[PDB]
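Next up, structure tokens for two forms of one chain, structure 1 and then structure 2.
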Structure 1
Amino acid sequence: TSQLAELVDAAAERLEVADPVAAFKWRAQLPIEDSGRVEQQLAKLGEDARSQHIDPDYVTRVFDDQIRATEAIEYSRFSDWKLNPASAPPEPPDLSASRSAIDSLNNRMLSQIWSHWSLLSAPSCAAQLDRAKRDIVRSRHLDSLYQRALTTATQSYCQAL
């Protein structure tokens, strides 16, 4: 098991919020692009980044990848449900439970980024990131779509100085 497995696992688990959000936006007829990258949130991200002593611009870049990867899952769900509406989940999403999960996963990701900051700047980061994703792909049984989302969501983990 790799040193970055805990950050990648938290990122993969966070990707899973795409299924519940997709379910609500489909029935609510809401745009997937209106997804919260707005000034107040960007400020709030950067402040919690300074509070953990990590570079906000790095952290901002990570969540920018995270949002692109999550929008991608939601778009893929929408295609599937256009092709075949009956494969949509029959159960409504638990958004209130998702809120608490996102708060916790957000916090775990930031605390891991500080805890492992030294490694993310080292030349061996890329090799460690591969091992982490390869482990997380196996342990969470990620399908092809989530594997790609994980790659997009972590593609700038090692862009750290």
Structure 2
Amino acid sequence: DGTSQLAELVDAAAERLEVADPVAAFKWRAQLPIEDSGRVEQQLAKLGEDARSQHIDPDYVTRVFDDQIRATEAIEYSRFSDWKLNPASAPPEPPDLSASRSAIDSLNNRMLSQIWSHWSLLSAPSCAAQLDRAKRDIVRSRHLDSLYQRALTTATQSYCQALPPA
């Protein structure tokens, strides 16, 4: 018709990337740095726990969300670069992070549910092409720009599992 079986997963991933914008605007005003390794380690440990809860491979989930979070931090740093050149262009008085936190919790759960439901595909030779189809379709539907296209690539780079070498 024709939709990728991975479209829902990729669409969630891209929507979760888009939380980079309110988070960066908030951090910019609050004079907070983008990165925090201790924080990310905590987020990833909780995601591993959520994986075990739905009998999903936690090491796999850790790798995938490690990619996702780096890709999100990459968007935040690009904004900081822009706002450093033209500070007038930074969103003024932005709201706190509660909506963002709620959106991330929901999207995390959406992503895990899709990992569970498409585990066979993610383990199969057809994964690579079906991921490329899903990416094409979501870049179109969400109208993602150059920066978000690179970020979506980075976010999804560990989705397709390695196959037997013989």
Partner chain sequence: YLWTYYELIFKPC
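Each residue is numbered by where it sits in the sequence of structure 1, with counting from 1. Heads up, when I say rigid core I mean the largest set of C-alphas that superpose within 1.5 Å between the two forms.
Of the two forms shown, the form deposited without the partner chain is structure 2. Only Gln41, out of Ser124, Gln41, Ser118, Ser104, shows a C-alpha shift of 2 Å or more between structure 1 and structure 2 on alignment of the rigid core. Core-aligned Cα shift between structure 1 and structure 2 at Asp65: this is 0.1 Å. Its Cα shifted by 5.2 Å between structure 1 and structure 2, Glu91 is reported here after superposition on the rigid core. When the rigid core is fitted, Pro31 shows a C-alpha shift of 1.2 Å between structure 1 and structure 2.
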